[PDB]
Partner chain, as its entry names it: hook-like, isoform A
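Presented as structure tokens, the chain that follows is alone, the form deposited without its partner chain.
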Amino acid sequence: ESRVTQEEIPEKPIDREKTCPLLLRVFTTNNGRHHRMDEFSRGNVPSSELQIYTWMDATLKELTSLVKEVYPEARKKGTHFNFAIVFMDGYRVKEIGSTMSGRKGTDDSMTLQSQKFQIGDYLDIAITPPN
């Protein structure tokens, strides 16, 4: 794998007002793991699902607040949201980052665009209770 580096001495916002939102299909679990890739094979997807209208600069934090509106039990402080992108190679996975509710974390401002999300991909969220 070739590698690129740059002098560290930026990313830009979407004008959401002038841009049609994309349709994100979001799948979720509460068993402690992501959906398996066999669950996306042969033209099938997982039954646990949410639709989110958003933009390429959606952040994990923004996405976590939408999930919380819909799963009231995800509300509790310390609840863990682990995010993955599911993408056509059949499908594959790549964990991208995590958040938790009521807490600031280092991945909170990570955006779909920074992770090379391409439209057509799915988002998978493994949800776990507070420590």
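Rigid core (definition): largest C-alpha set, two forms, superposition within 1.5 Å. Only residues modelled in both forms are compared. Positions refer to the first chain, counted from 1.
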Residue 9-residue 10 interval: deposited residues absent from the model: 1 to 3
Unmodelled deposited residues between residue 69 and residue 70, binned: none
Comparing mean C-alpha B factor in the record for 30 to 38 and 61 to 69, the higher one is 61 to 69
Give the stretch, out of 113 to 121 and 21 to 29, with the larger mean C-alpha temperature factor in the deposited entry. 113 to 121
Just the C-alpha B-factor column, please: which of 50, 93, 96, 100 has the biggest number? 93
Rank-wise, by C-alpha B-factor, drop residue 85 into the lowest, middle or highest third of its chain. lowest
Could you place residue 43 in the lowest, middle or highest third of its chain by Cα temperature factor, using the values in the record? highest
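Below, we refer to the form deposited with its partner chain bound, which is not included among the displayed structures.
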Residue-level question: is residue 18 within 4.5 Å of its partner chain in the deposited bound form, judged on heavy atoms? yes
Might residue 55 be said to contact its partner chain in the deposited bound form, defining contact as any heavy atom within 4.5 Å? yes
Any of the heavy atoms of residue 51 lying within 4.5 Å of its partner chain in the deposited bound form? yes
Shifted regions of at least three residues between the shown form and the other one, judged by C-alpha displacement of 2 Å or more after core alignment: 10 to 13
